[PDB]
Amino acid sequence: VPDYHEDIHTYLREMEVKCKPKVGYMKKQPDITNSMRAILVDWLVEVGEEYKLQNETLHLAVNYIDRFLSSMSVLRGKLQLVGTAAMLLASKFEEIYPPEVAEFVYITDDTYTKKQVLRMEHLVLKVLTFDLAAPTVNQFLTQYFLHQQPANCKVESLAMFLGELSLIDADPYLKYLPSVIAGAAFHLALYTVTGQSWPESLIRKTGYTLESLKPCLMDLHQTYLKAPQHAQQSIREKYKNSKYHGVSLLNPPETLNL
Amino acid sequence: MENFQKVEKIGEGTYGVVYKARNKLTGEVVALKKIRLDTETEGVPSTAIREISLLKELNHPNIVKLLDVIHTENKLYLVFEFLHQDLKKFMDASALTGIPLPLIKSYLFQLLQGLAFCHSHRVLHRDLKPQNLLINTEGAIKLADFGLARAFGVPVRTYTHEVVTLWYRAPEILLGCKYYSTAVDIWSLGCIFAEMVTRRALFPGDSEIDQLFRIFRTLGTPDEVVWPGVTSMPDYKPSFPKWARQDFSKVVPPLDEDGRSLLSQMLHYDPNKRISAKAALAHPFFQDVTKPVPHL
Amino acid sequence: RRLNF
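Residue numbers (PDB author numbering), protein chains in the order written: chain B, 175 to 432; chain A, 1 to 296; chain E, 502 to 506.
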């Protein structure tokens, strides 16, 4: 148990407010759509699996993308190049050894040159002002997990899963802080596996009541419910693997009891 | 870059040759690290990615300041507060006489303050060692060189075989532990503290296994009582010779009993019991801390 | 893959 769980959590809550993408950004983009962002992120999940990257890199990459898209207009034909350079940057930040830049060229089918990927890396860094250490759903999940009684593998996996699904859909998820999404996803995963609930420990640490989580939860319960129908499926395929105790197969509950 | 006038090289590291430079408009003397950002190879190096994003967050009197980042098409320049030398060079030049006790105490105190700040902002330094510690001529010392440092919002996965120096590596890492904790930083600090006191590295080993055995030769061979779990650690072996815990009085002779107490808590085998930076600052060792100035 | 938008 840390001396600074508390200091870290506190500080992560300070930083997420600052590292927030604009809410309405996608409506101000002439040429791109929430549905393209979704195709883009879903693809990034596959890239993550294919190179065996950590889940945190994935989350980091989506943060970069959304902040980038919040100050720069992008054309359909460049979106994938933003994504690619984000995933590279994220890999550099978070992975022990990142894939070689060429791999990054390869995963697009040579549709951009290495030099284009390297200058978009530079452009991303400058727009983000080298501010890469963004708080994620994944980080807040990991803190929250310290408060389970007792630790439940399936719950951890299934909360991860729910957290990732939320990356896919700007849709609604853009208007929640990561600390809130991770709250909702921890509850929903808890509830789903045991019937248990968002614990007083965390109610006190986070100062989030279950009530306060209601709107996010409702949205996330919907997303969970329709997940097998969603146009994007990369995260479900990912979360079938036994690595994750197959949780994305388990049957979501059809009401939440709120 | 036009307002900077290069004065002399002052050493290298990751990034490449550090130049002492002066701001022609304000008079400020800085350190310039330059990176030759070729656009054919790998782009911006991750050491640079990490140092810039992590340092940009850590404003503290005992952490080197990143003053500016200067972006051109083919070059990245990094501008740091200038500090005229490191603990290593200072230690070599103080060999014979020794660093006076009261400066050893001040440095350690300062370094604990910087470390504490880093840890309470979820940063691990991971590569603490005398070369990565900079001093000035008014008695300050500051953590520098964060090219290996890592955000630990999520636990940080261990380098299969890590390119980090050997002498300051914690025994949980030598035993093939899977995550780092802030305890590695404390263990390194512990070794530096010793090294200042004895004028020689505490644990100067010539490969992983020789490094463990040098640690065991001194603090004694861990077992399940000292360190719940060790025998279950990936790299641990029933055949490890069984040495006994030789007394600190012969390990660090010049130190008083408050010193030995603190060193020995910083050197606890079990990462969960090793004293944090926050706590170490409370220790009675520091009740008579001052801020003397080195004779360089 | 190229992403066809």
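Heads up, the beta-carbon is just placed ideally off N, CA and C, and yes, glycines get one too.
Per-residue burial, residue i [other beta carbons within 10 Å of its own, 16 or more giving buried]
i                      : result
B/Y280                 : exposed
B/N431                 : exposed
A/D210                 : exposed
A/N132                 : buried
A/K237                 : exposed
B/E411                 : exposed
A/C118                 : buried
B/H395                 : buried
B/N312                 : buried
A/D256                 : exposed
B/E188                 : exposed
A/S239                 : exposed
B/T310                 : buried
B/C327                 : exposed
B/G198                 : exposed
B/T258                 : buried
A/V289                 : exposed
A/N3                   : exposed
A/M1                   : exposed
A/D223                 : exposed
A/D92                  : exposed
B/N425                 : exposed
B/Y318                 : buried
B/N415                 : exposed
B/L362                 : buried
residue 436 of chain B : Beyond the ends of chain B as shown, which are 175 and 432, falls residue 436 of chain B; an answer cannot be given.
B/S375                 : exposed
A/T26                  : exposed
Assumed close pair residue i, residue j - CB separation to whole angstroms, cut-off 8 angstroms
i                      : j      : result
B/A325                 : A/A151 : The Cβ separation is near 24 angstroms, so there is no contact.
B/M334                 : B/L315 : 7 angstroms
A/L103                 : A/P294 : 6 angstroms
A/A194                 : A/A183 : At roughly 17 angstroms, the Cβ-Cβ gap does not stay under 8 angstroms, so A/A194 and A/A183 are not in contact.
B/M294                 : B/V256 : 7 angstroms
A/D235                 : A/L175 : 5 angstroms
B/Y398                 : A/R122 : Contact flag wrong, Cβ pair sits at about 30 angstroms.
B/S408                 : B/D216 : 5 angstroms
B/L320                 : B/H179 : 7 angstroms
B/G337                 : B/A359 : 5 angstroms
A/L96                  : A/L78  : A/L96 to A/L78, Cβ: 36 angstroms. No contact.
B/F304                 : A/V69  : 6 angstroms
B/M246                 : B/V301 : 6 angstroms
A/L262                 : A/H283 : 5 angstroms
B/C390                 : B/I355 : 6 angstroms
A/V64                  : A/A116 : No, A/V64 and A/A116 are not in contact; Cβ-Cβ is about 16 angstroms, not under 8 angstroms.
residue 357 of chain A : A/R217 : No statement about residue 357 of chain A is possible, as the shown extent of chain A runs from 1 to 296 and does not include it.
Legend entry - Positions along the segment 386-400 of chain B whose CB lies within less than 7 angstroms of some CB in chain A: Going along the segment 386-400 of chain B in chain order, one finds no residue with a Cβ nearer than 7 angstroms to chain A.
Inset, instruction - Answer yes if the segment 234-246 of chain B comes into contact with the segment 16-34 of chain A, meaning at least three C-beta pairs across the two stretches below 8 angstroms, and no otherwise. - result: Contact between the segment 16-34 of chain A and the segment 234-246 of chain B is absent, because fewer than three Cβ pairs lie under 8 angstroms.
Inset, instruction - Check each residue of the segment 239-252 of chain B: if its Cβ is closer than 8 angstroms to any Cβ of chain E, include it; give the result in chain order. - result: Under the 8 angstroms Cβ criterion, the segment 239-252 of chain B contributes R250, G251.
Legend entry - In chain order, each beta strand (DSSP E) run of at least 3 residues that lies wholly inside the segment 6-55 of chain A: Correct list: 18-23, 29-35.
Legend entry - Residues in the segment 60-77 of chain A having any Cβ partner in chain B nearer than 7 angstroms: The residues in question are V69, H71.
Legend entry - Runs of beta strand (DSSP E) lying entirely within the segment 133-215 of chain A, each at least 3 residues, in chain order: Runs found: 133-135, 141-143.
Legend entry - Three CB pairs or more closer than 8 angstroms across the segment 192-205 of chain B and the segment 379-387 of chain B: Contact between the segment 192-205 of chain B and the segment 379-387 of chain B is absent, because fewer than three Cβ pairs lie under 8 angstroms.
Legend entry - Touching by the beta-carbon criterion (3+ pairs, under 8 angstroms), the segment 81-93 of chain A and the segment 131-147 of chain A: Segments in contact, yes.
Inset, instruction - Would you check if there are 3 or more beta carbon pairs closer than 8 angstroms linking the segment 401-420 of chain B to the segment 367-375 of chain B? - result: Using a Cβ-Cβ distance cut-off of 8 angstroms, the segment 401-420 of chain B and the segment 367-375 of chain B are not in contact, since fewer than three pairs of beta carbons, one from each stretch, lie closer than that value.
Legend entry - Contained beta strand (DSSP E) runs [length at least 3] in the segment 61-102 of chain A, N- to C-terminal order: Here the runs fully enclosed are 66-71, 76-81.
Inset, instruction - Evaluate contact between the segment 255-272 of chain A and the segment 186-193 of chain A, counting only Cβ atoms and requiring at least three cross-stretch pairs below 8 angstroms. - result: At 8 angstroms Cβ cutoff, the stretches touch.
Legend entry - Segments of 4+ residues assigned as alpha helix (DSSP H) that fall wholly inside the segment 175-260 of chain B: If we require 4 residues or more, the alpha helix (DSSP H) runs fully inside the segment 175-260 of chain B come out as 179-192, 208-225, 229-245.
Inset, instruction - Determine contact between the segment 248-268 of chain A and the segment 197-210 of chain A, defined as no fewer than three beta-carbon pairs at a distance below 8 angstroms. - result: Yes, the segment 248-268 of chain A is in contact with the segment 197-210 of chain A.
Inset, instruction - Closer than 9 angstroms, Cβ to Cβ, to anything on chain E: give me those residues from the segment 202-218 of chain B, in chain order. - result: So the list reads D205, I206, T207, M210, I213, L214, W217, given in the order they occur along the chain.
Legend entry - Interface residues of the segment 43-57 of chain A facing chain B [CB-CB below 7 angstroms]: For the segment 43-57 of chain A, which is checked against every Cβ of chain B, the residues closer than 7 angstroms are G43, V44, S46, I49, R50, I52, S53, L54, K56, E57.
Inset, instruction - With 7 angstroms as the C-beta to C-beta threshold (strictly closer), list the residues of the segment 268-297 of chain B near chain E in chain order. - result: Legend: CB atoms of the segment 268-297 of chain B lying less than 7 angstroms from CB atoms of chain E belong to residues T282, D283, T285.
Legend entry - Segments of 4+ residues assigned as alpha helix (DSSP H) that fall wholly inside the segment 215-260 of chain A: Runs of alpha helix (DSSP H) with 4 or more residues, each lying fully within the segment 215-260 of chain A, are found at 248-251, listed in chain order.
Inset, instruction - Please name the residues in the segment 103-132 of chain A whose beta-carbon is closer than 8 angstroms to at least one beta-carbon of chain B, in chain order. - result: Answer in chain order: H119, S120, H121, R122.
Inset, instruction - Examine the Cβ distances between the segment 209-228 of chain B and the segment 348-362 of chain B and report whether three or more of them are shorter than 8 angstroms. - result: A contact is defined here as three or more CB-CB pairs under 8 angstroms, and the segment 209-228 of chain B fails this definition with respect to the segment 348-362 of chain B.
Inset, instruction - Select from the segment 217-231 of chain B all residues with a C-beta closer than 8 angstroms to any C-beta belonging to chain A, and list them in chain order. - result: Answer set for the segment 217-231 of chain B: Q228, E230.
Legend entry - 4-residue-minimum alpha helix (DSSP H) runs that sit fully inside the segment 296-382 of chain B, ordered along the chain: Runs of the alpha helix (DSSP H) inside the segment 296-382 of chain B: 311-319, 327-341, 344-347, 352-368, 374-380.
Inset, instruction - Can you give me, in chain order, the residues of the segment 259-283 of chain A that have a beta carbon less than 9 angstroms from any beta carbon in chain B? - result: Result list: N272, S276, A277, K278, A279.
Inset, instruction - Can you give me, in chain order, the residues of the segment 302-325 of chain B that have a beta carbon less than 7 angstroms from any beta carbon in chain A? - result: If the cut-off is 7 angstroms between Cβ atoms, the segment 302-325 of chain B has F304, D305, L306, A307, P309, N312, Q313, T316 near chain A.
Inset, instruction - Check distances from the C-beta atoms of the segment 140-151 of chain A to those of chain B and list, in chain order, the residues that come in under 8 angstroms. - result: Hits within the stretch, in order: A151.
Inset, instruction - Could you name the residues of the segment 157-186 of chain A whose beta carbon sits closer than 7 angstroms to any beta carbon of chain B, in the order they occur along the chain? - result: So the list reads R157, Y159, given in the order they occur along the chain.
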